[PDB]
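Enquirer: My file is target-v8.cif. It has mmCIF, C-alpha atoms; chains and numbers go by the auth columns:
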data_final
#
loop_
_atom_site.group_PDB
_atom_site.id
_atom_site.type_symbol
_atom_site.label_atom_id
_atom_site.label_comp_id
_atom_site.label_asym_id
_atom_site.label_seq_id
_atom_site.Cartn_x
_atom_site.Cartn_y
_atom_site.Cartn_z
_atom_site.B_iso_or_equiv
_atom_site.auth_seq_id
_atom_site.auth_asym_id
ATOM 1 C CA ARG A 1 21.268 3.928 -11.861 0.00 1 A
ATOM 2 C CA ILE A 2 24.816 2.729 -12.237 0.00 2 A
ATOM 3 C CA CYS A 3 25.549 -0.965 -12.781 0.00 3 A
ATOM 4 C CA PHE A 4 28.577 -3.105 -13.161 0.00 4 A
ATOM 5 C CA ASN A 5 29.155 -4.169 -16.768 0.00 5 A
ATOM 6 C CA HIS A 6 32.339 -6.246 -16.734 0.00 6 A
ATOM 7 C CA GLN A 7 32.469 -9.888 -17.714 0.00 7 A
ATOM 8 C CA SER A 8 33.261 -12.602 -15.229 0.00 8 A
ATOM 9 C CA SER A 9 36.302 -11.934 -13.082 0.00 9 A
ATOM 10 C CA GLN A 10 37.841 -9.230 -15.182 0.00 10 A
ATOM 11 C CA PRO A 11 38.532 -5.796 -13.766 0.00 11 A
ATOM 12 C CA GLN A 12 35.411 -3.986 -12.645 0.00 12 A
ATOM 13 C CA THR A 13 33.771 -1.500 -14.958 0.00 13 A
ATOM 14 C CA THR A 14 30.508 0.311 -14.528 0.00 14 A
ATOM 15 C CA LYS A 15 27.929 1.790 -16.818 0.00 15 A
ATOM 16 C CA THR A 16 25.427 4.555 -16.267 0.00 16 A
ATOM 17 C CA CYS A 17 22.023 3.338 -17.402 0.00 17 A
ATOM 18 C CA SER A 18 19.363 5.182 -19.357 0.00 18 A
ATOM 19 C CA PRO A 19 17.162 7.454 -17.301 0.00 19 A
ATOM 20 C CA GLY A 20 14.356 5.690 -15.537 0.00 20 A
ATOM 21 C CA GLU A 21 16.120 2.357 -15.798 0.00 21 A
ATOM 22 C CA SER A 22 16.104 0.995 -12.281 0.00 22 A
ATOM 23 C CA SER A 23 17.610 -2.466 -12.705 0.00 23 A
ATOM 24 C CA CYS A 24 20.952 -4.167 -13.120 0.00 24 A
ATOM 25 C CA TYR A 25 21.510 -7.765 -14.112 0.00 25 A
ATOM 26 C CA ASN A 26 23.832 -10.720 -13.784 0.00 26 A
ATOM 27 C CA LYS A 27 23.529 -13.442 -16.454 0.00 27 A
ATOM 28 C CA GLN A 28 25.443 -16.617 -16.388 0.00 28 A
ATOM 29 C CA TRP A 29 25.782 -19.542 -18.733 0.00 29 A
ATOM 30 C CA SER A 30 28.211 -22.072 -19.932 0.00 30 A
ATOM 31 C CA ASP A 31 29.455 -22.568 -23.391 0.00 31 A
ATOM 32 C CA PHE A 32 32.126 -24.638 -25.083 0.00 32 A
ATOM 33 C CA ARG A 33 34.790 -22.283 -23.861 0.00 33 A
ATOM 34 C CA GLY A 34 33.854 -21.962 -20.217 0.00 34 A
ATOM 35 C CA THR A 35 31.648 -20.238 -17.746 0.00 35 A
ATOM 36 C CA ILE A 36 30.446 -16.762 -18.578 0.00 36 A
ATOM 37 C CA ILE A 37 29.017 -14.055 -16.388 0.00 37 A
ATOM 38 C CA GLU A 38 27.635 -11.011 -18.190 0.00 38 A
ATOM 39 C CA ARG A 39 26.564 -7.841 -16.330 0.00 39 A
ATOM 40 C CA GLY A 40 24.705 -4.795 -17.407 0.00 40 A
ATOM 41 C CA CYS A 41 21.865 -2.372 -17.076 0.00 41 A
ATOM 42 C CA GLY A 42 18.282 -3.511 -17.109 0.00 42 A
ATOM 43 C CA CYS A 43 16.548 -6.784 -16.593 0.00 43 A
ATOM 44 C CA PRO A 44 16.427 -8.707 -19.810 0.00 44 A
ATOM 45 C CA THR A 45 13.958 -11.468 -20.604 0.00 45 A
ATOM 46 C CA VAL A 46 14.659 -15.004 -19.422 0.00 46 A
ATOM 47 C CA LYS A 47 16.221 -17.187 -22.191 0.00 47 A
ATOM 48 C CA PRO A 48 16.231 -20.933 -21.736 0.00 48 A
ATOM 49 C CA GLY A 49 19.285 -22.424 -20.088 0.00 49 A
ATOM 50 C CA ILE A 50 20.559 -19.066 -18.991 0.00 50 A
ATOM 51 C CA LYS A 51 20.697 -18.040 -15.346 0.00 51 A
ATOM 52 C CA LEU A 52 19.520 -14.527 -14.694 0.00 52 A
ATOM 53 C CA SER A 53 19.421 -12.379 -11.649 0.00 53 A
ATOM 54 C CA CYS A 54 18.076 -8.849 -11.520 0.00 54 A
ATOM 55 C CA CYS A 55 18.531 -6.304 -8.752 0.00 55 A
ATOM 56 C CA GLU A 56 17.426 -2.734 -8.245 0.00 56 A
ATOM 57 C CA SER A 57 20.069 -0.898 -6.309 0.00 57 A
ATOM 58 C CA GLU A 58 23.297 0.867 -7.145 0.00 58 A
ATOM 59 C CA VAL A 59 26.045 -1.451 -8.399 0.00 59 A
ATOM 60 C CA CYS A 60 24.054 -4.336 -7.074 0.00 60 A
ATOM 61 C CA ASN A 61 25.088 -6.820 -9.740 0.00 61 A
ATOM 62 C CA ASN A 62 28.601 -7.902 -8.828 0.00 62 A
#
Could you quickly redo this structure as structure tokens?

Expert:
Amino acid sequence: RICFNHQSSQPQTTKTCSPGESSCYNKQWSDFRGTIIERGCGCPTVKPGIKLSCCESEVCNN
């Protein structure tokens, strides 16, 4: 699996996940500086106040 791993609206970058990892994620939250969108491999656990979206297809997390 290959997932996007760039932050927000910055230029696209991708990452090849560990073998057997089938998910990608999109996490979004706000902080004192602005709105952040983090992307990566896997499907992390839900943390309060953070929006999370997981998908299981190639570069599915834009």

Enquirer: Would you write out, as a PyMOL selection string, every residue that the PyMOL selection byres ((chain A and resi 28) around 12) captures in this file?

Expert: chain A and resi 7-8+25-27+29-31+34-40+46-54+61-62

Enquirer: Given the PyMOL selection byres ((chain A and resi 19) around 12) and the file above, list the residues it selects as number ranges by chain.

Expert: A: 1-2, 16-18, 20-23, 41-42

Enquirer: Using Å and a single decimal, report how far atom CA of residue A:43 sits from atom CA of residue A:6.

Expert: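 According to the coordinates, atom CA of residue A:6 and atom CA of residue A:43 are separated by 15.8 Å.
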
Enquirer: For atom CA of residue A:3 and atom CA of residue A:59, determine how far apart the two atoms are, in Å to one decimal place.

Expert: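 Going from atom CA of residue A:3 over to atom CA of residue A:59, I get 4.4 Å.
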
Enquirer: Need the axis-aligned box for stretch 13-27 of chain A with 4 Å each side, so what are the centre and edges in Å to one decimal, as lines of an AutoDock Vina configuration file?

Expert:
center_x = 24.1
center_y = -3.0
center_z = -15.8
size_x = 27.4
size_y = 28.9
size_z = 15.1

Enquirer: Here is a test: counting all atoms listed in the file, which residue of A:24, A:45, A:32, A:15 is nearest to residue A:60?

Expert: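 Going through A:24, A:45, A:32, A:15 one by one, the smallest distance to residue A:60 is for A:24.
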